[PDB]
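As a starting point, one isolated chain is supplied in structure tokens, in the form solved without the partner chain.
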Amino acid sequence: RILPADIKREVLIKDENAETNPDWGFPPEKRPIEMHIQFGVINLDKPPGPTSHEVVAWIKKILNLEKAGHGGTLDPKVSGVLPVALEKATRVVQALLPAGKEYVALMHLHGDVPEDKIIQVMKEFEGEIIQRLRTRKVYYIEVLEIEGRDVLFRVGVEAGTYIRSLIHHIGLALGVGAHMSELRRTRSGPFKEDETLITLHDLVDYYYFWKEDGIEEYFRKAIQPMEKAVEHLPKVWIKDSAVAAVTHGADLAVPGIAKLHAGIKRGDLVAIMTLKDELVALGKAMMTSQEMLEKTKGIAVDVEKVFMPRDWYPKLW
């Protein structure tokens, strides 16, 4: 039940006296509904039937959006967590694609096998597996219930792992063979099965409750701030005085850091946040946490994708 994204990170304070000016920027709960959508992400509960692409096409038409993109494609018959990043948040899916996933799956064996052997043999699949040629991690497998040839289980896996193929290989290890009869994604990175997970019916109904009834509350809760899509990443938080620079394509230099997560290695994907926990940009660390911590000059993060508009913070340089 533990994936790498579930690691607790420690915050390291670089500048004790950094403060943020409440007049600058728009932290998620100061975003007017329209702005909230522009930088929004939907934790969608995909229904079985349509493809993932089709589902996003429907969302764009119904919600009158110009742009949107989903994370890990779910197959037509599969239900569950499908992050849908909207408008200006669209490019944040690139932070989700590589994140771990969890599924509940129903396997149907093609011959009779004792419950104990089924369980014992499935447990062997935790750890590395090779599937049709590439290697992929299985972080955990938990058998929930067995009814004859029907095996209900949960599995946490590395991005790109095919549960179908896993199930097929389990069938071969047992000899009788097996196929996947039902699949549901219950987690993708920071997106999980909680109150934010919303069906298409609720999504569109809440939308109309907003546009047509004048009730903003339900639709506002249907949309997550883009910051949510970055919850699993290591962060460096920056001072107000560096924020407009970064939004203008400046790399983040050490003197601009207020605090940062421990454990950052060179080359890591990091999220650059303001002290109000707004997403500014995605980048790649050019230093370790300890380097960023002890040094007083040099480029700490190579800024690659900028999400915050250039006019949220003044050009203090």
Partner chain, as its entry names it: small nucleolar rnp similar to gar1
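Numbering follows the first chain given and starts at 1. Between two forms, the rigid core is the largest collection of C-alphas that superpose within 1.5 Å.
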Compare 123-131 with 147-155 and report which one shows the larger root mean square C-alpha deviation from this form in 7 other deposited structures of this protein once the rigid core is superposed. 123-131
Comparing against the shown form in 7 other deposited structures of this protein, which stretch has the larger RMS C-alpha deviation after a rigid core superposition, 133-141 or 210-218? 133-141
Chain break class at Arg132/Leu133 - deposited residues not modelled: 10 or more
Would you mind comparing 98-106 and 112-120 for me and telling me which has the higher average C-alpha temperature factor in the entry? 112-120
Quick check: 1-9 versus 307-315, which has the larger average CA B-factor in the record? 1-9
Among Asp194, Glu158, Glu128, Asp75, where is the Cα B factor highest in this entry? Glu128
Candidate residues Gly49, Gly267, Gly40, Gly69, the one whose C-alpha B factor the record puts highest: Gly267
Would the CA B-factor of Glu54 place it in the lowest, middle or highest third of its chain? middle
Where does the C-alpha B-factor of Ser241 rank in its chain, lowest, middle or highest third? highest
Sorting the chain's modelled residues by C-alpha B-factor, tell me whether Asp45 ends up in the lowest, middle or highest third. lowest
Consider only the C-alpha atoms of the modelled residues in this chain, order them by B-factor as the entry records it, and name the third containing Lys235: lowest, middle or highest. lowest
Splitting the chain's C-alpha B-factors into thirds, which one does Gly175 fall into? middle
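The discussion below concerns the form solved in complex with the partner chain, not included here.
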Does the partner chain get within 4.5 angstroms of any non-hydrogen atom of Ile129 in the bound PDB entry? yes
Taking any heavy atom pair closer than or equal to 4.5 Å as contact, tell me whether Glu124 reaches the partner chain in the bound PDB entry. yes
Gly177 near the partner chain in the bound PDB entry, any heavy atom under 4.5 Å? yes
May I ask you to state whether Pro114 is within 4.5 Å of the partner chain in the bound PDB entry, using heavy atom distances? no
Picking from 223-231, 106-114, 242-250, 89-97, which part of the chain touches the partner chain in the bound PDB entry when contact means heavy atoms within 4.5 Å? 106-114
